[PDB]
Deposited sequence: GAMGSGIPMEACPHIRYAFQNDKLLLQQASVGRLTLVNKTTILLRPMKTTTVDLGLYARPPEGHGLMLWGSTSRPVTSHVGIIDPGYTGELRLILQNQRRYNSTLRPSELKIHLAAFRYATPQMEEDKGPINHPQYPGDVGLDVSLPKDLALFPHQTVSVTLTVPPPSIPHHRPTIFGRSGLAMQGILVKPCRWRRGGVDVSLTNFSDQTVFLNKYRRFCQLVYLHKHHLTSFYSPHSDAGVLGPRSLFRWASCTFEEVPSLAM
């Protein structure tokens, strides 16, 4: 059913063109990404996830750059920031128009204000050397929620250190959470460190097929993310 209150937002940033159920910004100037370091894009963008929903923020490029896929919580009242990492050992440049920045809604449930995800504790110690990708197997099934699919997203704090999580479905036999260290340090994550977050997405948001108003970039190679069809409505007073 069509049950999305507007997404209220305010936007101001002369280095990004607002193009825009999905808001998209394009870069106007070249963005240089240092290697081995986190690159951050300040968006000038404020946005209220409407009732029942969270927001998903992600960068899309065909350059050798990986975006953190951001979960925006209903309680978040600040300016949105995009987190990028460089796949290469030298500077990578994003020429104008090469980077699109998307924001769109999704319905979520919370199992038995108020964050979307539940942070997940690492069951083992994990070391990651510069540029290594490794996975952590999670075995114990989370509680089933009718009409929703458990999915793993990364956290921004770890993303800022250069550790990205590939978003993925937590399928009924367990999950392999892939982490990539984009930094110049060996990172040691201690057992019980909260290393990602579990989000129960409404099943409508995951599709194995090329549907309208969906995107193959976000959740992996075998799904597309299909967002809630909501209307963005500019409320400048949100800025701050």
| query | finding |
| --- | --- |
| Regions of the deposited sequence not represented in the model | 1 to 8, 29 to 31, 124 to 136 |
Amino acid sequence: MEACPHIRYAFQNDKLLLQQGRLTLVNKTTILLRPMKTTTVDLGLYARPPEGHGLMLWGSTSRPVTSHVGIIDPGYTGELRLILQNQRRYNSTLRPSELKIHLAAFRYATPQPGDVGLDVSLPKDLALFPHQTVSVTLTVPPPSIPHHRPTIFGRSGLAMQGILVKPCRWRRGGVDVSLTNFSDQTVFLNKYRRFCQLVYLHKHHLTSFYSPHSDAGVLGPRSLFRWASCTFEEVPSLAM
From here on, numbers count along this sequence of modelled residues.
query	finding
73 to 81 versus 137 to 145 - greater average Cα B-factor per the deposited record	137 to 145
168 to 176 versus 49 to 57 - greater average Cα B-factor per the deposited record	168 to 176
Among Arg88, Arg95, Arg155, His102 - the residue whose C-alpha B-factor is largest in the record	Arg95
Position of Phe11 among the chain's modelled residues by C-alpha B-factor, lowest, middle or highest third	middle
CA B-factor ranking of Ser214, expressed as a third of its chain	middle
Relative C-alpha B-factor of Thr186, binned into the chain's lowest, middle or highest third	highest
Third of chain Cα B-factors occupied by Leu122	middle
Where the record places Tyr108 (Cα B-factor, split into thirds across the chain)	middle
